[PDB]
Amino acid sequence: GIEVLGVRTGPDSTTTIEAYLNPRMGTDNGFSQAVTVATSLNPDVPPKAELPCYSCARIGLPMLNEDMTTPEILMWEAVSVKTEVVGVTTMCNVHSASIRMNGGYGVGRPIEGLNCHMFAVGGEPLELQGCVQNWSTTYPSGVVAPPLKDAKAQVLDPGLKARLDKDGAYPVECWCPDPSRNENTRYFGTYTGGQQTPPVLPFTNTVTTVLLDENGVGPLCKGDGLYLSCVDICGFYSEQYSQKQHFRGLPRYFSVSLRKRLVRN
């Protein structure tokens, strides 16, 4: 319910924000703890250190309205983003103690298997819908999980909603971007599953995503905050000896172009 007026131009009417988000795979430096697997659907008690979570940050922008009593005020409008997964070339490492190919004689398996990549740029926290594979899962304290009162949580229960308002706390497996909300956020997600699937990861500085909607309006930054969200699961690392697996995530870089937009107060 924001009445959007004209773009405000002139000196200092545009700015570019640069930020990076480190991955939250369950521990702080790119890997989950070795993943444990329940023998049945109940009990199913995944430790916090084994659950990849969304990354998020609010970037404070230059204050626009010392006076909020005028019939019009200014908002920062996100018009475009360049975003990069950082450290893709680390997956050329086949010497750091993974399970060896060619019956033990070849190199270590690279990081491989299921991939899940999402980035989002908005003027407020990303809106989430709760959904899980197993409604009987006992989620750990210190992650935010939807309430699991019945099996409808395995499909769409519209009572299960959240905002992505804490970095490294909302597990990827029990929340997805809510397509029924997020009027003021653009999100872009991919999942490529399978067991030992080859990760396919580009890295270029030449690609821009335009964030304008049908009316030529980008996300409008409420309270002069820019909201960045992502997850970048790149596959599993297998330990050579134990053969236990760890999620591997990589950091993401954002460059967001903003302009001043007049709106009705």
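Numbering starts at 1 and runs along the sequence shown.
Mean C-alpha temperature factor, higher of 216 to 224 and 63 to 71: Looking at the recorded C-alpha B-factors, 63 to 71 comes out higher on average.
Between the two ranges 255 to 263 and 4 to 12, the one averaging a larger CA B factor in the entry: Looking at the recorded C-alpha B-factors, 4 to 12 comes out higher on average.
Peak C-alpha temperature factor (PDB record), options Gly194, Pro177, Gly159, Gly87: Among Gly194, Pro177, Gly159, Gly87, the highest C-alpha B-factor in the entry belongs to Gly159.
Peak C-alpha temperature factor (PDB record), options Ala169, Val121, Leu148, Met118: Among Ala169, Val121, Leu148, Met118, the highest C-alpha B-factor in the entry belongs to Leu148.
Record-listed C-alpha B factor of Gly108: chain third: Ranked within chain, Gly108 CA B lands in the middle tercile.
Modelled-residue ranking by C-alpha temperature factor, third containing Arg186: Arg186: CA B-factor falls in the lowest third of its chain.
Ranked against its chain, the third holding the CA B-factor of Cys56: Within its chain, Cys56 is a middle-third residue by C-alpha B-factor, going by the deposited values.
CA B-factor ranking of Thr208, expressed as a third of its chain: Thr208: CA B-factor falls in the highest third of its chain.
CA B-factor placement of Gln129, once the chain's modelled residues are sorted into thirds: Answer is lowest: the recorded C-alpha B-factor places it there.
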